[PDB]
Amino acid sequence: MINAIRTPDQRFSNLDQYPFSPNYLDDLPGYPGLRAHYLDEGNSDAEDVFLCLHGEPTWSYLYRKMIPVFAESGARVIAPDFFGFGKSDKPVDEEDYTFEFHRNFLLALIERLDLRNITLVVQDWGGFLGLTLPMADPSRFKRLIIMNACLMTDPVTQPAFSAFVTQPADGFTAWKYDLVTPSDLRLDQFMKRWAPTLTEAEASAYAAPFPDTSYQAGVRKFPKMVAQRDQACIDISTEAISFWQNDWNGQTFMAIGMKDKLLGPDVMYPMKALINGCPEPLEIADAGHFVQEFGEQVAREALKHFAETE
């Protein structure tokens, strides 16, 4: 119904450090004929579920160094790929990707798999979407690991959540230009620029899902939804603030990638004040936007903060 295409499996033959088996769902309510891929690691009967949400322009491959740390602690780890990315199917029209299209996929997934005692792990788009989830069914969420991300509220309510869009020029302006303009977008080159510590092999794992441009409509729309927030996004993100501030009673762990020009200190300090009981953030000095590429340390530390409370 939604015209989509699927990445050929051979594209993922030679992945580096990604020995996780695939799981797929193609029966989601509202998502007819669309197949979603997701990792399901560690003990499936575990009490604790770590739900790892990726952002722009990556996939579950992003959490590859984190997954094993969480699985080794005795937690089941779920890492889905959004429609348009990684091993999931990719709608071909940019108009098909909306804030609600991606948000409703997540609620559907959560319900379909019946996840409970969830430790939400977010970053970038994983957080813009992810942070609006608990208020829809609060009994399923218990903890939060927040890396560089915020809420897509209107500019008046939270100016810090809108300011990074225009300044600095080598920040979100540069990122968006790099993503929406090339007619021949090479994700491996983009990734090596924005995550300078990646090896050649790691960089190509991020280009793997996209043989050509026809596969990159969701990649292209994400940055535009940051710049042009529709009303449902604004209303839902505005309503999530109240939830974080007054309603949330779980545990939180925050890590900030200090070299991030998009969502660094001036976006995440303000986020820290809105999350009831959020503690002092772990500042990672050598980390950029993709904190996850210094993921083992964050996972290790997060588990240690959480255990010092059980």
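Quick note: we count residues from 1 along the sequence shown, nothing fancier.
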When the Cα temperature factors in the entry are averaged, is it 130-138 or 193-201 that ends up higher?
130-138
Quick note on 57-65 and 276-284: per-entry mean CA temperature factor is higher in 276-284
Checking the entry, which one of 231, 104, 166, 153 has the top C-alpha B factor?
166
For the C-alpha B-factor as written in the entry, point me to the maximum among 170, 188, 89, 93.
93
CA B-factor ranking of residue 116, expressed as a third of its chain:
highest
Lowest, middle or highest third: which one holds residue 18 when the chain's residues are ordered by CA B-factor from the entry?
lowest
Name the third of the chain's ranked CA B-factors that contains residue 157, choosing lowest, middle or highest.
highest
Per the entry's values, where does residue 109 land by CA temperature factor relative to the rest of its chain, in the lowest, middle or highest third?
highest
Once the chain's modelled residues are ordered by C-alpha B factor and cut into thirds, is residue 265 in the lowest, middle or highest one?
middle
